[PDB]
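S.K.: Here come the first chain(s), positioned as in the complex:
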Amino acid sequence: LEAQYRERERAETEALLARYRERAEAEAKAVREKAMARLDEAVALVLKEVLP
């Protein structure tokens, strides 16, 4: 019974994580791209507060 229970979790604690890898990096890409176009606005906000 253990023989078919230990190999159950391993075939899930691979699929589950392996799915997270697809989720994590796609959500890494999803935070960069939102930032990288609406970005100069940030640089602007900073500069405008250092040269006063």
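M.R.: Structure's in. What do you need? Numbers count the residues shown, from 1 in each chain, chains lettered A, B, ... in the order given.

S.K.: Would you map the helices across chain A?
M.R.: In chain A, helices defined by DSSP state H lie at A:6-10, A:15-37, A:40-50, listed in chain order.

S.K.: Turn those helices into TSV, columns for mean neighbour count.
M.R.: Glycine gets a C-beta too; all of them are placed from N, C-alpha and C. Written out in TSV, the entries for those read as follows (neighbours: other Cβ atoms under 10 Å):
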stretch	mean neighbour count
helix A:6-10	10
helix A:15-37	10
helix A:40-50	9
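
S.K.: hey, C-alpha coordinates of stretch A:5-15 in CSV?
M.R.: As requested, C-alpha coordinates have been extracted for stretch A:5-15 and formatted as CSV (Å, rounded to 0.1, in the frame of the first residue of the first chain):
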residue,chain,number,x,y,z
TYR,A,5,1.3,5.8,-1.9
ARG,A,6,4.9,7.0,-1.8
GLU,A,7,5.0,6.9,-5.7
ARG,A,8,1.6,8.7,-5.8
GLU,A,9,3.0,11.8,-3.9
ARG,A,10,6.3,11.8,-5.9
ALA,A,11,4.3,11.8,-9.2
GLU,A,12,2.4,14.8,-7.8
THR,A,13,5.2,16.6,-5.9
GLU,A,14,6.8,16.7,-9.4
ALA,A,15,3.7,17.7,-11.5
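
S.K.: Kindly incorporate the sequence below as chain B:
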Amino acid sequence: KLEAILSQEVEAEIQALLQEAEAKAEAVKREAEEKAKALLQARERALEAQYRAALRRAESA
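M.R.: Below, chain B sits with the chains from the block before:
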């Protein structure tokens, strides 16, 4: 005739014994089966716990 009585009296106790000794040979089989069930019902349950914990850990991770 008497004596054949005495011999019809033994072959009677020596079924009483053989009836008593095969009404325990089940009792042993009952309590052994009612054991194994319970010796695998707790085991079934244990694997859930050891697996319910392992997959939650792997969700968080």
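
S.K.: Enumerate the residues of chain A near chain B.
M.R.: Remark: the part of chain A in contact with chain B comprises A:1-2, A:5, A:8-9, A:12-13, A:16-17, using Cβ under 8 Å from any Cβ of the partner chain.

S.K.: check contacts around residue A:13.
M.R.: With contacts defined as Cβ atoms under 8 Å, 6 or more residues apart in numbering or on different chains, the neighbours of residue A:13 are B:54-55, B:58.

S.K.: filter those residues to the buried ones?
M.R.: Listed as buried from those are residue B:54; burial here means 16 or more other Cβ atoms under 10 Å in any protein chain shown.

S.K.: Among the contacts of residue A:13, which are located in helices?
M.R.: Cross-referencing these against helices under DSSP H gives B:54-55, B:58.

S.K.: one step back: tell me the two of the residues of chain A next to chain B that are most distant?
M.R.: Using Cβ to Cβ, the pair of the residues of chain A next to chain B lying farthest apart is A:1 and A:17, separated by 24.7 Å.
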